[PDB]
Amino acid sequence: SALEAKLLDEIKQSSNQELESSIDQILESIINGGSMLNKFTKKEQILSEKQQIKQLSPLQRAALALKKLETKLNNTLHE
């Protein structure tokens, strides 16, 4: 009910290669998501973060993605 069987099955059926692609694409989506100064500063920050993510392992990328998704959910839910 909390984890649908369709979701558990997809994960059960995945190789590490497939998981890594899923993790990378979700992370890229959350990283991507004012004034000119704000816009420019944000572009620089996103580019910097993307360079740093390249140095992370698949598990490290997953942990970062999970933190970022939870933060976004908590903000959305005012928690």
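Residue numbers run from 1 along the displayed sequence.
- Counting the deposited residues that fall between residue 33 and residue 34 and carry no coordinates gives a value of 4 to 9.
- Looking at 1-9 and 70-78 together, the entry lists the larger mean B-factor for 1-9, computed on C-alpha atoms.
- The mean C-alpha temperature factor is higher for 10-18 when 10-18 and 56-64 are set side by side.
- Among all modelled residues in its chain, residue 27 ranks in the lowest third by Cα B-factor.
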